[PDB]
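In structure tokens, the next block holds one chain alone, the form deposited in one PDB entry.
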């Protein structure tokens, strides 16, 4: 509701991002030339489906805990009723992980950081959901073409999370207010830094939603063949958000 207040909001979000980013951009960048060997790829590819799923679910969920800490730190988030917090997190946490992914992604060889090295799509073949992995690496690759800064990742992912159109919200108008101000902080930081050229370059909305649905669909097929794996082996937080 003030210019000075939104300058503070930019600062708030960026700093909150750094405290919850799980890994600093250059710890990712520095590890790019650590690439899984052919023999190490076939090791991953020899794990069962449920075993690759639970290793993947585990790592996703440790990433998601950082995202949850991040959301808690977004203005007004804790002053929303618990229903709506849960709604924003169920709809947004995975979206934020997909954006945070571009940091851990090397566009040069289309690899992602996983268990201490970089691997390609083939690293994930035992998951049995290969159109999805390809979609996710494509998204990540289009995102890298944007060349986001850390500050832009902060402000943008705050905005993916704080969205008043999420279905299931009770207090839609309280979150419109919250989102409006983060829209302002984001637009503000871009015109200050002479980006803003990237507003039309940004993904739809749709797109991320489509990525998320695909992940849930895939998980749901997985659960058909392994019902109690999800209920007993998967982290509870992952189970809670996704099924």
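Rigid core (definition): largest C-alpha set, two forms, superposition within 1.5 Å. Residue numbers count along the first chain shown, from 1. Only residues modelled in both forms are compared.
Keep in mind that the form deposited in another entry is not shown, yet the notes after this line are about it.
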query: Core-superposed comparison between this form and the one not shown, residue 222 Cα displacement 2 Å or beyond; finding: yes
query: Closer or farther in the other form, the Cα atoms of residue 229 and residue 124, when the shift from this form is 3 Å or more; finding: farther
query: Outcome for the Cα pair residue 228, residue 89 in the other form, compared with this form (closer or farther; change of 3 Å or more); finding: closer
query: Once both forms are overlaid on the core, stretches between this form and the one not shown of 3 or more residues with C-alpha shifts of 2 Å or more; finding: 219-234
